[PDB]
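> File follows, start.pdb with PDB, C-alpha atoms and all ligand atoms:
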```pdb
MODEL        1
ATOM      1  CA  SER A   7     -41.096 -53.248  59.132  1.00  0.00           C
ATOM      2  CA  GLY A   8     -41.880 -49.520  58.760  1.00  0.00           C
ATOM      3  CA  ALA A   9     -44.340 -47.158  57.053  1.00  0.00           C
ATOM      4  CA  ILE A  10     -44.785 -43.546  55.712  1.00  0.00           C
ATOM      5  CA  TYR A  11     -47.615 -41.703  57.449  1.00  0.00           C
ATOM      6  CA  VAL A  12     -48.746 -38.716  55.343  1.00  0.00           C
ATOM      7  CA  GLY A  13     -52.204 -37.128  55.810  1.00  0.00           C
ATOM      8  CA  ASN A  14     -54.869 -39.860  55.749  1.00  0.00           C
ATOM      9  CA  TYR A  15     -52.510 -42.393  54.053  1.00  0.00           C
ATOM     10  CA  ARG A  16     -50.189 -45.204  55.197  1.00  0.00           C
ATOM     11  CA  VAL A  17     -47.489 -46.236  52.617  1.00  0.00           C
ATOM     12  CA  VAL A  18     -45.948 -49.706  53.129  1.00  0.00           C
ATOM     13  CA  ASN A  19     -44.047 -52.444  51.223  1.00  0.00           C
ATOM     14  CA  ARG A  20     -46.832 -54.385  49.394  1.00  0.00           C
ATOM     15  CA  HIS A  21     -45.188 -57.726  50.401  1.00  0.00           C
ATOM     16  CA  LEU A  22     -45.550 -56.790  54.112  1.00  0.00           C
ATOM     17  CA  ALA A  23     -49.142 -55.318  53.912  1.00  0.00           C
ATOM     18  CA  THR A  24     -51.574 -56.384  56.666  1.00  0.00           C
ATOM     19  CA  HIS A  25     -55.275 -57.486  56.425  1.00  0.00           C
ATOM     20  CA  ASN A  26     -56.291 -53.947  57.549  1.00  0.00           C
ATOM     21  CA  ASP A  27     -54.180 -52.357  54.782  1.00  0.00           C
ATOM     22  CA  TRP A  28     -56.045 -54.518  52.160  1.00  0.00           C
ATOM     23  CA  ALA A  29     -59.469 -53.756  53.780  1.00  0.00           C
ATOM     24  CA  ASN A  30     -58.676 -49.972  53.509  1.00  0.00           C
ATOM     25  CA  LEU A  31     -56.783 -50.169  50.168  1.00  0.00           C
ATOM     26  CA  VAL A  32     -56.377 -46.916  48.219  1.00  0.00           C
ATOM     27  CA  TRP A  33     -53.750 -48.089  45.640  1.00  0.00           C
ATOM     28  CA  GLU A  34     -51.220 -50.966  45.239  1.00  0.00           C
ATOM     29  CA  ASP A  35     -48.523 -51.730  42.595  1.00  0.00           C
ATOM     30  CA  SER A  36     -46.827 -55.177  42.621  1.00  0.00           C
ATOM     31  CA  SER A  37     -44.193 -53.965  40.126  1.00  0.00           C
ATOM     32  CA  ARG A  38     -43.172 -51.190  42.601  1.00  0.00           C
ATOM     33  CA  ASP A  39     -43.701 -53.287  45.845  1.00  0.00           C
ATOM     34  CA  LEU A  40     -45.932 -50.386  47.161  1.00  0.00           C
ATOM     35  CA  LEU A  41     -49.287 -50.487  48.876  1.00  0.00           C
ATOM     36  CA  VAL A  42     -51.139 -47.409  50.157  1.00  0.00           C
ATOM     37  CA  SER A  43     -53.998 -47.777  52.695  1.00  0.00           C
ATOM     38  CA  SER A  44     -56.258 -45.202  54.475  1.00  0.00           C
ATOM     39  CA  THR A  45     -56.011 -44.054  58.165  1.00  0.00           C
ATOM     40  CA  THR A  46     -58.475 -42.396  60.576  1.00  0.00           C
ATOM     41  CA  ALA A  47     -55.688 -40.340  62.273  1.00  0.00           C
ATOM     42  CA  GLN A  48     -53.481 -37.749  60.524  1.00  0.00           C
ATOM     43  CA  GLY A  49     -49.866 -38.281  59.408  1.00  0.00           C
ATOM     44  CA  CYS A  50     -47.167 -35.635  59.582  1.00  0.00           C
ATOM     45  CA  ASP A  51     -44.430 -37.031  57.294  1.00  0.00           C
ATOM     46  CA  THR A  52     -43.411 -34.628  54.511  1.00  0.00           C
ATOM     47  CA  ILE A  53     -42.720 -36.183  51.070  1.00  0.00           C
ATOM     48  CA  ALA A  54     -39.737 -34.791  49.170  1.00  0.00           C
ATOM     49  CA  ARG A  55     -40.706 -33.434  45.723  1.00  0.00           C
ATOM     50  CA  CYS A  56     -37.218 -33.365  44.167  1.00  0.00           C
ATOM     51  CA  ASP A  57     -34.379 -35.114  42.164  1.00  0.00           C
ATOM     52  CA  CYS A  58     -31.873 -35.571  45.108  1.00  0.00           C
ATOM     53  CA  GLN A  59     -29.438 -38.466  44.754  1.00  0.00           C
ATOM     54  CA  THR A  60     -27.970 -38.192  48.342  1.00  0.00           C
ATOM     55  CA  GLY A  61     -29.744 -38.749  51.647  1.00  0.00           C
ATOM     56  CA  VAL A  62     -29.969 -40.778  54.868  1.00  0.00           C
ATOM     57  CA  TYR A  63     -31.762 -44.112  55.518  1.00  0.00           C
ATOM     58  CA  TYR A  64     -32.703 -45.983  58.701  1.00  0.00           C
ATOM     59  CA  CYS A  65     -31.173 -49.535  58.929  1.00  0.00           C
ATOM     60  CA  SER A  66     -32.963 -51.522  61.694  1.00  0.00           C
ATOM     61  CA  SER A  67     -30.518 -54.489  61.398  1.00  0.00           C
ATOM     62  CA  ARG A  68     -27.793 -52.109  62.758  1.00  0.00           C
ATOM     63  CA  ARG A  69     -30.096 -49.624  64.675  1.00  0.00           C
ATOM     64  CA  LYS A  70     -28.287 -46.831  62.762  1.00  0.00           C
ATOM     65  CA  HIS A  71     -28.974 -44.188  60.105  1.00  0.00           C
ATOM     66  CA  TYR A  72     -26.628 -44.146  57.098  1.00  0.00           C
ATOM     67  CA  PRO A  73     -25.752 -41.497  54.529  1.00  0.00           C
ATOM     68  CA  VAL A  74     -25.936 -42.799  50.908  1.00  0.00           C
ATOM     69  CA  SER A  75     -25.614 -41.736  47.285  1.00  0.00           C
ATOM     70  CA  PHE A  76     -28.404 -43.399  45.290  1.00  0.00           C
ATOM     71  CA  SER A  77     -29.326 -43.884  41.643  1.00  0.00           C
ATOM     72  CA  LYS A  78     -32.241 -42.392  39.674  1.00  0.00           C
ATOM     73  CA  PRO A  79     -35.553 -44.400  39.903  1.00  0.00           C
ATOM     74  CA  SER A  80     -35.622 -47.184  37.321  1.00  0.00           C
ATOM     75  CA  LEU A  81     -36.404 -50.831  36.310  1.00  0.00           C
ATOM     76  CA  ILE A  82     -34.009 -53.209  38.070  1.00  0.00           C
ATOM     77  CA  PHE A  83     -34.047 -57.023  38.047  1.00  0.00           C
ATOM     78  CA  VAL A  84     -35.078 -58.466  41.449  1.00  0.00           C
ATOM     79  CA  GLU A  85     -34.501 -62.173  42.108  1.00  0.00           C
ATOM     80  CA  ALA A  86     -37.483 -64.472  42.884  1.00  0.00           C
ATOM     81  CA  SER A  87     -38.758 -64.564  46.513  1.00  0.00           C
ATOM     82  CA  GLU A  88     -41.681 -66.100  48.527  1.00  0.00           C
ATOM     83  CA  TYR A  89     -43.734 -62.964  47.546  1.00  0.00           C
ATOM     84  CA  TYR A  90     -42.782 -62.462  43.886  1.00  0.00           C
ATOM     85  CA  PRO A  91     -41.421 -64.471  40.953  1.00  0.00           C
ATOM     86  CA  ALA A  92     -38.208 -63.071  39.307  1.00  0.00           C
ATOM     87  CA  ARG A  93     -39.121 -59.733  37.638  1.00  0.00           C
ATOM     88  CA  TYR A  94     -38.107 -56.086  37.051  1.00  0.00           C
ATOM     89  CA  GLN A  95     -39.193 -53.825  39.910  1.00  0.00           C
ATOM     90  CA  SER A  96     -39.868 -50.260  38.701  1.00  0.00           C
ATOM     91  CA  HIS A  97     -39.219 -46.898  40.481  1.00  0.00           C
ATOM     92  CA  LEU A  98     -36.289 -48.553  42.374  1.00  0.00           C
ATOM     93  CA  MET A  99     -33.110 -46.674  43.520  1.00  0.00           C
ATOM     94  CA  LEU A 100     -29.847 -48.474  44.378  1.00  0.00           C
ATOM     95  CA  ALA A 101     -27.090 -47.510  46.845  1.00  0.00           C
ATOM     96  CA  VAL A 102     -23.995 -49.108  48.402  1.00  0.00           C
ATOM     97  CA  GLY A 103     -25.062 -49.931  51.954  1.00  0.00           C
ATOM     98  CA  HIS A 104     -26.035 -52.619  54.388  1.00  0.00           C
ATOM     99  CA  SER A 105     -29.492 -54.270  54.353  1.00  0.00           C
ATOM    100  CA  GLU A 106     -31.134 -57.520  55.590  1.00  0.00           C
ATOM    101  CA  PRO A 107     -34.763 -58.761  54.897  1.00  0.00           C
ATOM    102  CA  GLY A 108     -36.260 -57.117  58.046  1.00  0.00           C
ATOM    103  CA  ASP A 109     -34.955 -53.753  56.818  1.00  0.00           C
ATOM    104  CA  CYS A 110     -37.844 -53.191  54.346  1.00  0.00           C
ATOM    105  CA  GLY A 111     -39.868 -50.169  55.517  1.00  0.00           C
ATOM    106  CA  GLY A 112     -36.917 -48.085  56.716  1.00  0.00           C
ATOM    107  CA  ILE A 113     -37.275 -44.535  55.519  1.00  0.00           C
ATOM    108  CA  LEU A 114     -34.842 -42.862  53.069  1.00  0.00           C
ATOM    109  CA  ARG A 115     -34.805 -39.007  53.530  1.00  0.00           C
ATOM    110  CA  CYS A 116     -33.101 -35.976  52.015  1.00  0.00           C
ATOM    111  CA  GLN A 117     -33.090 -32.261  53.106  1.00  0.00           C
ATOM    112  CA  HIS A 118     -36.484 -31.960  51.300  1.00  0.00           C
ATOM    113  CA  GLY A 119     -38.194 -34.802  53.201  1.00  0.00           C
ATOM    114  CA  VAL A 120     -39.120 -38.522  52.791  1.00  0.00           C
ATOM    115  CA  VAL A 121     -37.778 -39.987  49.494  1.00  0.00           C
ATOM    116  CA  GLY A 122     -38.906 -43.616  49.797  1.00  0.00           C
ATOM    117  CA  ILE A 123     -38.666 -46.841  51.792  1.00  0.00           C
ATOM    118  CA  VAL A 124     -36.194 -49.794  51.855  1.00  0.00           C
ATOM    119  CA  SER A 125     -37.473 -52.476  49.417  1.00  0.00           C
ATOM    120  CA  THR A 126     -34.539 -54.597  48.115  1.00  0.00           C
ATOM    121  CA  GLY A 127     -30.852 -55.414  48.952  1.00  0.00           C
ATOM    122  CA  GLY A 128     -28.036 -57.963  48.885  1.00  0.00           C
ATOM    123  CA  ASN A 129     -24.252 -58.039  48.245  1.00  0.00           C
ATOM    124  CA  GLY A 130     -23.427 -54.726  49.939  1.00  0.00           C
ATOM    125  CA  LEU A 131     -26.303 -52.965  48.099  1.00  0.00           C
ATOM    126  CA  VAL A 132     -29.651 -51.545  49.314  1.00  0.00           C
ATOM    127  CA  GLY A 133     -32.675 -50.784  47.089  1.00  0.00           C
ATOM    128  CA  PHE A 134     -35.286 -48.031  47.798  1.00  0.00           C
ATOM    129  CA  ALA A 135     -38.884 -47.846  46.467  1.00  0.00           C
ATOM    130  CA  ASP A 136     -39.353 -44.171  45.392  1.00  0.00           C
ATOM    131  CA  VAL A 137     -42.561 -42.208  46.436  1.00  0.00           C
ATOM    132  CA  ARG A 138     -41.604 -38.681  45.200  1.00  0.00           C
ATOM    133  CA  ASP A 139     -43.672 -39.097  42.023  1.00  0.00           C
ATOM    134  CA  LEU A 140     -46.896 -39.917  43.972  1.00  0.00           C
ATOM    135  CA  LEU A 141     -48.131 -36.297  44.015  1.00  0.00           C
ATOM    136  CA  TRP A 142     -51.631 -37.389  45.274  1.00  0.00           C
ATOM    137  CA  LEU A 143     -50.206 -38.313  48.698  1.00  0.00           C
ATOM    138  CA  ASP A 144     -50.261 -34.532  49.544  1.00  0.00           C
ATOM    139  CA  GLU A 145     -53.579 -33.756  47.867  1.00  0.00           C
TER     140      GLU A 145
HETATM  141  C1  LIG B 201     -33.901 -55.054  52.226  1.00  0.00           C
HETATM  142  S1  LIG B 201     -34.515 -56.601  51.557  1.00  0.00           S
HETATM  143  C2  LIG B 201     -33.077 -57.619  51.439  1.00  0.00           C
HETATM  144  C3  LIG B 201     -31.843 -57.170  51.915  1.00  0.00           C
HETATM  145  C4  LIG B 201     -30.743 -58.008  51.886  1.00  0.00           C
HETATM  146  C5  LIG B 201     -30.860 -59.283  51.392  1.00  0.00           C
HETATM  147  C6  LIG B 201     -32.075 -59.732  50.904  1.00  0.00           C
HETATM  148  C7  LIG B 201     -33.206 -58.916  50.913  1.00  0.00           C
HETATM  149  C8  LIG B 201     -34.505 -59.492  50.386  1.00  0.00           C
HETATM  150  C9  LIG B 201     -35.090 -58.695  49.233  1.00  0.00           C
HETATM  151  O1  LIG B 201     -34.399 -57.906  48.604  1.00  0.00           O
HETATM  152  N1  LIG B 201     -36.377 -58.953  48.892  1.00  0.00           N
HETATM  153  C10 LIG B 201     -37.143 -60.108  49.401  1.00  0.00           C
HETATM  154  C11 LIG B 201     -38.614 -59.803  49.627  1.00  0.00           C
HETATM  155  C12 LIG B 201     -39.217 -59.169  48.381  1.00  0.00           C
HETATM  156  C13 LIG B 201     -38.467 -57.895  47.972  1.00  0.00           C
HETATM  157  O2  LIG B 201     -38.565 -56.941  49.032  1.00  0.00           O
HETATM  158  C14 LIG B 201     -39.011 -57.357  46.634  1.00  0.00           C
HETATM  159  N2  LIG B 201     -39.315 -56.069  46.556  1.00  0.00           N
HETATM  160  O3  LIG B 201     -39.102 -58.105  45.661  1.00  0.00           O
HETATM  161  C15 LIG B 201     -36.986 -58.237  47.764  1.00  0.00           C
HETATM  162 ZN    ZN B 202     -34.498 -33.807  48.167  1.00  0.00          ZN
ENDMDL
END
```
So, in terms of structure tokens, how does the structure I just supplied come out?
Ligand SMILES: CSc1ccccc1CC(=O)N1CCC[C@](O)(C(N)=O)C1
Ligand SMILES: [Zn+2]

Amino acid sequence: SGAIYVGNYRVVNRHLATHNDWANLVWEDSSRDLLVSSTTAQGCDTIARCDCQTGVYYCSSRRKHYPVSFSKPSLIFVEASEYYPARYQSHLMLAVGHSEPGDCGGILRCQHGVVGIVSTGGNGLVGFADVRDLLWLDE
């Protein structure tokens, strides 16, 4: 669990979206595992607008933050699950680090702000869904 709260938006993993998120849907992309819904109260998270490949992520399965080097956003094969058949997820960034299924939603940050949220993992690797390109989150 976990979300990005910026302005009047709530950014979450699409496979963990609630009924309220679908009733207040702004945008969703299955290929990116992202869903953005609207909120009545303001959000104060700052989105990083950058090309950083180092940062820190929150890992709820360990209750610890971890520094990571991560790849550039791209198309990576993600194995079939109860939410998706086997497919390439786009805008995904990989790093060496611990993750477990309940870790989706943990924020990845750099000095510039929020980079994305935990989306995939397995075998000593953790995958992050990038949000830096979603310029409309600020506007
Ligand atoms: C941090 S998730 C994780 C971590 C360690 C081991 C296994 C996982 C599960 C995992 O990767 N997914 C299952 C749910 C759907 C998924 O989020 C997607 N975007 O397709 C992928
Ligand atoms: Zn940055």
> Taking the file above as input, evaluate the PyMOL selection byres (((chain A and resi 42-50) around 7) and not hetatm) and report the hits as a list in words.
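This file gives the following for the PyMOL selection byres (((chain A and resi 42-50) around 7) and not hetatm): residues 11, 12, 13, 14, 15, 16, 17, 18, 27, 30, 31, 32, 33, 34, 40, 41, 51 and 52 of chain A.
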> Using all atoms listed in the file, determine which residues fall within 6 Å of ligand LIG 201 (chain B), then list them as number ranges by chain.
A: 39, 84, 87, 89-90, 105-107, 109-110, 124-128
> With only C-alpha atoms and all ligand atoms as the atoms that count, which of A:9, A:92, A:53, A:102 lies nearest to ligand ZN 202 (chain B)?
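With only C-alpha atoms and all ligand atoms as the atom set, the closest residue is A:53.
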> On this file, the PyMOL selection byres (((chain A and resi 8) around 6) and not hetatm) gives some set of residues; write that set as JSON, numbers by chain.
{"A": [7, 9, 111, 112]}
> What residues have any atom no more than 6 Å from ligand ZN 202 (chain B) when counting all atoms listed in the file, and can you list them as a PyMOL selection string?
chain A and resi 54+56+58+116-118
> I need the residue set behind the PyMOL selection byres (((chain A and resi 79) around 12) and not hetatm) for this file; please write it as a ChimeraX atom specification.
/A:38,56-59,76-78,80-82,95-101,121-122,133-139
> Report the distance between atom CA of residue 35 of chain A and atom CA of residue 94 of chain A in Å, rounded to one decimal place.
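Straight-line distance from atom CA of residue 35 of chain A to atom CA of residue 94 of chain A works out to 12.6 Å.
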> Using atom CA of residue 69 of chain A and atom CA of residue 103 of chain A as the two end points, give the distance in Å to one decimal.
13.7 Å
> Report, as AutoDock Vina command-line options, the axis-aligned box around all atoms of segment 112-122 of chain A present in the file, extended by 5 Å on each side; give centre and edge lengths in Å to one decimal place.

```
--center_x -36.1 --center_y -40.0 --center_z 53.1 --size_x 16.0 --size_y 26.1 --size_z 17.2
```
> May I ask for the distance between atom CA of residue 144 of chain A and atom CA of residue 19 of chain A, given in Å to one decimal place?
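These atoms are spaced 19.0 Å apart.
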> Could you check which of A:86, A:74, A:37, A:143 is closest to residue 60 of chain A, using only C-alpha atoms?
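Using only C-alpha atoms, the shortest distance to residue 60 of chain A belongs to A:74.
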> Please list as a list in words every residue within 10 Å of residue 104 of chain A, counting only C-alpha atoms and excluding residues in the same chain fewer than 4 positions away.
residues 65, 67, 68, 72, 109, 127, 128, 129, 130, 131 and 132 of chain A
